[PDB]
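Visitor: Protein chains in written order, with PDB author numbering: chain S, 15 to 192; chain R, 15 to 192; chain Q, 15 to 192; chain P, 15 to 192; chain T, 15 to 192; chain I, 31 to 210; chain J, 31 to 210; chain K, 31 to 210; chain L, 31 to 210.
Please find one structure pasted underneath; my questions will follow.
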Amino acid sequence: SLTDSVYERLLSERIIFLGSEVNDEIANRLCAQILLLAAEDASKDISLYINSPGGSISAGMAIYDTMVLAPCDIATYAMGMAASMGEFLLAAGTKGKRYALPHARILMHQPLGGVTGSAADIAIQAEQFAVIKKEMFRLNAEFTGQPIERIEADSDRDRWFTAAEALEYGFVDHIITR
Amino acid sequence: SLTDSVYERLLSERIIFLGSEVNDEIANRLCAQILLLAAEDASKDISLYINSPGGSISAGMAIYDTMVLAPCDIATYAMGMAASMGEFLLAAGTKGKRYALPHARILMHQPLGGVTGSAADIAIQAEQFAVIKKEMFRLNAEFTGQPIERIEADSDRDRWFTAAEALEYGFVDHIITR
Amino acid sequence: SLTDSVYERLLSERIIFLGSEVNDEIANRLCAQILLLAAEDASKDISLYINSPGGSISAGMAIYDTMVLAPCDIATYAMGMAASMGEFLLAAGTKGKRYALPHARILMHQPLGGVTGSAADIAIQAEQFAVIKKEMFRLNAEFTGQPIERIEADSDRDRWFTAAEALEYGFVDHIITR
Amino acid sequence: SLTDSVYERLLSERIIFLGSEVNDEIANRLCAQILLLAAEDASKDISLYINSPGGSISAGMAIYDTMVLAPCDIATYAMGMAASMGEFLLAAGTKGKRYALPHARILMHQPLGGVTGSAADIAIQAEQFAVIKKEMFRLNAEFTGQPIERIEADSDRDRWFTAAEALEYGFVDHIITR
Amino acid sequence: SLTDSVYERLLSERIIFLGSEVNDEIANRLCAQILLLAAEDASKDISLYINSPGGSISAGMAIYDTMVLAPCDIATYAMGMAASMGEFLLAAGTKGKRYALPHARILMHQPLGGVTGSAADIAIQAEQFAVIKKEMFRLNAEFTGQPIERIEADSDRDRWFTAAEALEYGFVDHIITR
Amino acid sequence: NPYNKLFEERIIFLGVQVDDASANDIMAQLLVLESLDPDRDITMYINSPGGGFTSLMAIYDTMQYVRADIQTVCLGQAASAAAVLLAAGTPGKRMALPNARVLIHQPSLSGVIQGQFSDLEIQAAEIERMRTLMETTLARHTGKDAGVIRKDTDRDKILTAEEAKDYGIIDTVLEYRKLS
Amino acid sequence: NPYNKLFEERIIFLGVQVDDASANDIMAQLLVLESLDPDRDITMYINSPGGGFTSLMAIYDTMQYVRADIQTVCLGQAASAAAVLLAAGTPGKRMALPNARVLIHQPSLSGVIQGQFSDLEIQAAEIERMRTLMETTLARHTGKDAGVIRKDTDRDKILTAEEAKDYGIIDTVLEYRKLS
Amino acid sequence: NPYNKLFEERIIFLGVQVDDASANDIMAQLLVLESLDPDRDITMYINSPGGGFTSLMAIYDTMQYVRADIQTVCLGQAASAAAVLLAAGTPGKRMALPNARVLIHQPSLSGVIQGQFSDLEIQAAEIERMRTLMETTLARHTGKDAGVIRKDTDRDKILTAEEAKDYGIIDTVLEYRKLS
Amino acid sequence: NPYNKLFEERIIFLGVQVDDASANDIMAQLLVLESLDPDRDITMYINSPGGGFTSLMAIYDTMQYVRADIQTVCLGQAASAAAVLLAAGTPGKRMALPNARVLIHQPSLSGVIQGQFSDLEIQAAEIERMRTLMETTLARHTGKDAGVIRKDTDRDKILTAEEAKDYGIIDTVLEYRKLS
Ligand SMILES: CC(C)C[C@H](NC(=O)[C@H](Cc1ccccc1)NC(=O)c1cnccn1)B(O)O
Ligand SMILES: CC(C)C[C@H](NC(=O)[C@H](Cc1ccccc1)NC(=O)c1cnccn1)B(O)O
Ligand SMILES: CC(C)C[C@H](NC(=O)[C@H](Cc1ccccc1)NC(=O)c1cnccn1)B(O)O
Ligand SMILES: CC(C)C[C@H](NC(=O)[C@H](Cc1ccccc1)NC(=O)c1cnccn1)B(O)O
Ligand SMILES: CC(C)C[C@H](NC(=O)[C@H](Cc1ccccc1)NC(=O)c1cnccn1)B(O)O
Ligand SMILES: CC(C)C[C@H](NC(=O)[C@H](Cc1ccccc1)NC(=O)c1cnccn1)B(O)O
Ligand SMILES: CC(C)C[C@H](NC(=O)[C@H](Cc1ccccc1)NC(=O)c1cnccn1)B(O)O
Ligand SMILES: CC(C)C[C@H](NC(=O)[C@H](Cc1ccccc1)NC(=O)c1cnccn1)B(O)O
Ligand SMILES: CC(C)C[C@H](NC(=O)[C@H](Cc1ccccc1)NC(=O)c1cnccn1)B(O)O
């Protein structure tokens, strides 16, 4: 393809895109690209550009674990939109290397899901929703440097950020302007 | 493909097309192409031809940020239609290098969206719609050189422009005629 | 593909086909092919063969602007059918180089569209439909050499032409017969 | 593909297939193949094998015009079925070079269509249906050598032919038997 | 493709992904990759990264048998999610080489299915569901080192694990942290 | 029941899309009110979007057949076939409410009908004599030249009730009676 | 049967989406209550989401035609056409419940209608005279300048009943008879 | 017929999803029982999942309009609008069965509505005044501060009948009568 | 009419899926038979597949409210909500036919409901108190410890009528009367 050819040429320049919703297919190819780029050269930065409406928690936790366990520093770039798992992986970049492009908008909100089945199933989904929500808020409190009480309070409904508001809040470390 | 082959050969000549609605897929490949062309040669102009009915604000803000942060001058070309995000990225070109082909039509209008969910969700969507609409009008006032009061007044309903009307209004800098 | 391979080999011989409805996808690849062929050699003619039921006005205006601003002479060929935007781009060829194959049929008709939304939206769509219809009739009057009053009268309903009737009317300049 | 690879290798041997319904996509690639083969060598015959249930009149008139204006002699081959536009393009081959394989069946019938819209639209469609039906019958009378009164009488309903009946009627010139 | 190209380059580095639901298509290509990598070099470890919501028992038993009968040590990696057959194949890795990335979540639950047909069909499906459930619990008791009574008790409903809980329970052998 | 009390006071209420079943109801009602009192005027209330030509000419011929004068009153809409039925009232008794809309337009095939060209030359000759019959009917009842109506019903001709009076579709725009 | 006892006490209940069939029922009910007692006030209860312009002007003209005063009472909603019918009551008799909503907005095509540009210049001239007629009607009944209503019905203008009184849509916000 | 004998004993049965047609039936029933005996208490049985705000405030204003006291009895559910109608009964006469559920939650758009941002600033200002009116209504009838109800109806607040009594939605949890 | 003659002999027939509309019919029937003779036993025939918890507790509270004893008779099935209604009869009067099936199982969401995790912590706290209320109700009527019922309704617990008697769901398996 052409779109795959341009992404392949940026993969040679160690630039990978999270440009869709974070489902398991886009997460596995990003985890594959991070493992491929960390094996190719383990000292150069990987530039991950986020244009994402967010997606699955476990898909983004796969990316986040692959970002952390890579010996490379994953530079993240809020490119237009970093909503949900997109803001998470944005803020999951290497400290000092989390960037927002100046008109990117960062959406922060508690995870969405769905309860189904019997009341014993839903009681276990609810226990696990409380575990996921506590862990997502703990990591956003670790990324942004905000207290977990403020992360939980702001991620009650949708909490939108501009690039300057995300810089003050702690998702990104710089707003690049050239 | 053939269509991808012709676009690849114009990508070698630093000519990229915004030819669809600006969704996240077309935005990410344009952002990939602008990053690929700015890394290939950082001093030659990139010709971005707009034939677009517009699209997502955040997708077009990803393109617009990639256009601005590229060291290249992005020459934009209204090719038939620049509507919604298509007129935005048209007017987002380098000053002096925003072109309208003589029968292109430029559609300018306030952003469209959708409110959904509870009244606390919709109140936050409305605050964010007021932020997006103010920022879109601020940048169109910056691009065209019009006052933001005129941008807001003209982008109430659809506001159509010919190539000559868009030249007077400020979206394009020239109407090329050869 | 094979179909893309045969079109690629005719693109090497500077023969491009408008063979579908003129939507934005077929228009952008034709505009890409005209820009690619005018950059490859700016003095040889481009043969554009029209087998088209017509399509979008703005898509065809993108092609028409790319045909005019190309330094090449775009030779057009009515191949079976040139209806709507297909007759427009047929008649938009270089004068002296607009051809009809002897059993091509040319359909000329005012533009079709759709009004929707509120009465202030529809009043602006109607103003813009009057602008598009006046501009389409002005260019067909320029192409064919007919008065704009006759163009408007004939493009009230469908107005069909044979190759000989289109030669008398002015859409094509020759009927090639070998 | 494989199917495209076998067709590409027969295109090298100047054998093209009309093997589907004659719509604009299959017509444009046949017109592309005839233009490609006539440009490659303008003196060798092109073998067009018809296995077609017929299709669009204007699509087949595009093929028929490309067959006639090619300097090559288009040898046609009724291969199994030449119904509708398939019998037309079969009989449109070079005289002396229109072949039926011995168990091909040729279906001859007046064109099908559809009237729609207002009574002024339908009155113009009916005038154009009378033009298409007169021109299709004139060319079948030219191809077969039958009177146009017999062509119109036989193409009232479906008129089926075997290979031997099509040889007597005039669609093909030989029934090859090896 | 690009996604297939990155997976092919990790297949050269003996890194295969279980990144979807374990159906027969994903199982056969993993079994093909394990057979291909064990034939290529029979002494280097194969890294199988699990990002899976689980899937078919027999598809995962195909992978598990291919993992065991390979002379290579299959290092497994819980990457984000190892649920159902994904936790099974995670825990089916070589002892000492079953890894959880630090924010992977392991879902353990009894198999799901469906009874249908007559009461003699359903009585045989139920006998076979008791065989599959006993064998799945026997192998999870073998993998984790837990008693089969605890495996059966915990896999009554969904039983979620963090990476640290899965390390204590026995699905993984290490939590890699770099 | 308010539709019964309309019909007991000799008011046929068209109301809906003119199709077969709507035409079948009105012809049943036009002939019963013909048999109840053939010298007392039937009133026909029209709020229809039209549709149907054989359903039009079923209602049209029946309201022309009966001995009773048909008082056609347009309520909010007399479109296509219904505007022909609106003109089909007896002269002097064709009424319209002041903000009623009269929409006259040539007959149209709703949706494509397929077929051989010999089949389509007949379906086009049919809608042509549907068109001439719509214009010949509307010329008997508006006093126009039937080529004028062909020029006018070339497109959708929306008539306000005050200019459907000038066109000849109706004879009186109804004045209000609010005693106030 | 509670709808019969409304109608026996001369209360027409609008209730549903204003379409043809809803307009046909009310005009049947407006004229029967006109014939039962033309000097006794018809009450019209409005809980409608609106819709329809020819169905609007069918109900509008009929409630303006009848000798009886129309007491319009908005219950929970009068949107689009129903707010015009709410203003269509006689002055001094236009009522609304305190938490009723009045929603005035310009006419709109529900869904796209296709056609040639000559067909669409007429469908746009139609909704333009649908728009001016909606504003001329709502200016006769609210006492505004009809360019003020064009500015106000440019978008959806939700009126609370207390500010539909100030707008002129209704004349009285209904006071309760249980003080809770 | 058991719904007739409820209505003959002055019991309006809500029962279904509060939409327009359900609101139209109850207002027809609230006013007939107002006219039959305005001094005898109307009982309103509520087993509704709610829905609708203009249908809510149509039922709400009518049961506040009538001279008769409204005895609201929650049967198994008063979710969304129906819990507001449950609090809309007269004080001292708001009842609930012991295992009835009261579900109060802020207004919500069922499904996305599209539009320009100027259209959506008004649809959001509408659901904001739908939200304040839901809270101002539920503060008149529960005796809370209407900012407390905003904090409480931020999410879905399911109330058991014993803790809908403490919340002020109902006044009495109904005791059983089985001779036992 | 055989359902009328059941109801004239004070037999409420459940019969269908317990939803809102089925619950609304029975509460209308439980209170009419309460008003006809509050000292004569209402019989409730149950052939229902269950469903609904607020519809369950609407029927449950009403059959516990009325002065009349409720004779619950299970015909062929009492599943989910219907087995709770089957135990909801008065002690000594809970009957089942010999091949009737009693199916008790914990409450379940039919289909996924989406939402934020704060929305889903409440929908899970709701089905948890739906679960405890189903077990507390079924412990008052079977004489079990309500943790025993949690262990038993962990999955689908199909009870034959002879072992629904031992479980406490019913009190008597009905003997046949064929005089043959
Ligand atoms: C990511 C955090 C910040 C919040 C949001 N997360 C979610 O809504 C997503 C919803 C989703 C998205 C795509 C596919 C499947 C499920 N959360 C989850 O993946 C999820 C939901 N429930 C349990 C476990 N994980 B965001 O992605 O919309
Ligand atoms: C460019 C602006 C000024 C004009 C138009 N913008 C929009 O309508 C775009 C297109 C769109 C995409 C998805 C859903 C709804 C709408 N709006 C947005 O992207 C959008 C909508 N709501 C919130 C944030 N962004 B156009 O691009 O369609
Ligand atoms: C060429 C003109 C004169 C006649 C016809 N034009 C149109 O109907 C086309 C409709 C169309 C066709 C294909 C895809 C999208 C839209 N015109 C337009 O594109 C159009 C319609 N309304 C406003 C602006 N442009 B023909 O192309 O079908
Ligand atoms: C060849 C002739 C004599 C007989 C048949 N051809 C036609 O009439 C074809 C069949 C067809 C194909 C595609 C879409 C619609 C209809 N008709 C036309 O192309 C057609 C129909 N009406 C006006 C102009 N052309 B056959 O090809 O099926
Ligand atoms: C893997 C074990 C631990 C638990 C779950 N297993 C299953 O549900 C899987 C997924 C599945 C596939 C097709 C049809 C039904 C179910 N079960 C089976 O493969 C399966 C096998 N035999 C009989 C019935 N189901 B998991 O994969 O969701
Ligand atoms: C003005 C008079 C003639 C009524 C007008 N006539 C029509 O356009 C109607 C619309 C219609 C209805 C049903 C099926 C197909 C088309 N024309 C016909 O009745 C019709 C029916 N069959 C063939 C041709 N025309 B109008 O559109 O109702
Ligand atoms: C304010 C008055 C004029 C009524 C308004 N006008 C209209 O848009 C309604 C259309 C409608 C709306 C909702 C549901 C069904 C139909 N009136 C019409 O029939 C109509 C038709 N064409 C153009 C404009 N309006 B309102 O939207 O009902
Ligand atoms: C006390 C009430 C207001 C709380 C809840 N309200 C709502 O969510 C309801 C549900 C609904 C119904 C119809 C269309 C859209 C949404 N909201 C509304 O009534 C509503 C209606 N139009 C716009 C905004 N909200 B509940 O569903 O009744
Ligand atoms: C045993 C008692 C509590 C009833 C049981 N509960 C349920 O699962 C049914 C599920 C259902 C049935 C029909 C339509 C919608 C939902 N009852 C409920 O309404 C319900 C709703 N949410 C959670 C739990 N139960 B049973 O499944 O009917």
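Don't be surprised by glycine CBs; every beta carbon is placed ideally from N, CA and C.
1) Report the residue ranges of all beta strand (DSSP E) runs contained in full by the segment 62-94 of chain I; include only those spanning at least 3 residues, in chain order.
2) Where does I:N54 land, buried or exposed, given buried means 16+ other C-beta within 10 angstroms?
3) Taking just the CA atoms, how far does R:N65 sit from Q:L126?
4) Just how far apart, CA to CA, sit J:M125 and L:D67?
5) Out of curiosity, what's the CA-to-CA distance linking R:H123 and K:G177?
6) What are the partner residues of R:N65, as DSSP defines its beta bridges?
7) Any heavy atom of ligand 6 closer than 7 Å to the CB of I:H135?
8) Check whether the Cβ atoms of P:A106 and P:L121 sit closer than 8 Å, and answer yes or no.
9) Please check the pair I:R97 and I:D69, which I expect to be a contact at CB under 8 Å, by giving their CB distance rounded to whole angstroms.
10) Among the residues of its own chain, which have a CB less than 6 Å from the CB of P:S169, if the five just before and after it don't count?
11) Following a CB-centred definition, is K:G141 positioned closer than 7 Å to any heavy atom of ligand 7?
12) The segment 34-46 of chain S: which residues have C-beta closer than 7 Å to a C-beta of chain R, in chain order?
13) Rounded to whole angstroms, what is the Cα-Cα separation between S:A134 and L:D184?
14) Does the CB of Q:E156 have a neighbour CB from chain P at under 8 Å?
15) Quick one: does K:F83 have its CB under 8 Å from some CB of chain L?
16) Terminal residues of the continuous alpha helix (DSSP H) containing P:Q142?
17) For K:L150, which residues in chain J fall below 7 Å Cβ to Cβ?
18) Please tell me whether T:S70 and T:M99 are closer than 8 Å, where the distance is taken between their beta carbons.
19) Comparing alpha-carbon positions, which option in I:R207, I:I157, I:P128 and I:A88 lies nearest I:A118?
20) State the CB to CB distance for the pair J:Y95 and I:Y206, rounded to an integer number of angstroms; the pair is presumed to be in contact (CB under 8 Å).
21) Going along chain K in order, which residues have a C-beta closer than 7 Å to the C-beta of L:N54?
22) Cβ atoms of J:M164 and J:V114: under 8 Å apart, would you say?
23) For R:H188, which of helix, strand or coil comes out of DSSP?
24) From the DSSP output, in three-state form, read off T:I165 for me.
25) Quick one: what's got a C-beta closer than 6 Å to J:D99's C-beta in the same chain, skipping five residues either side?
Guide: To lay it out plainly:
1) 72-78
2) Classification for I:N54: exposed.
3) 20 Å
4) 46 Å
5) 38 Å
6) R:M95
7) yes
8) No, Cβ-Cβ distance for P:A106 and P:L121 is not below 8 Å.
9) Approximately 7 Å separates the beta-carbon atoms of I:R97 and I:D69; this is inside 8 Å, confirming the contact.
10) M122, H123 and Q124
11) no
12) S34
13) 7 Å
14) no
15) no
16) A133 to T158
17) What K:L150 touches in chain J, judged by beta-carbon distance under 7 Å, is nothing: the nearest beta carbon there is about 10 Å away.
18) yes
19) I:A88
20) 5 Å
21) Simply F43, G45 and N77.
22) yes
23) Assignment of R:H188 by DSSP, reduced to helix, strand and coil, places it in the strand class.
24) helix
25) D71, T120 and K123
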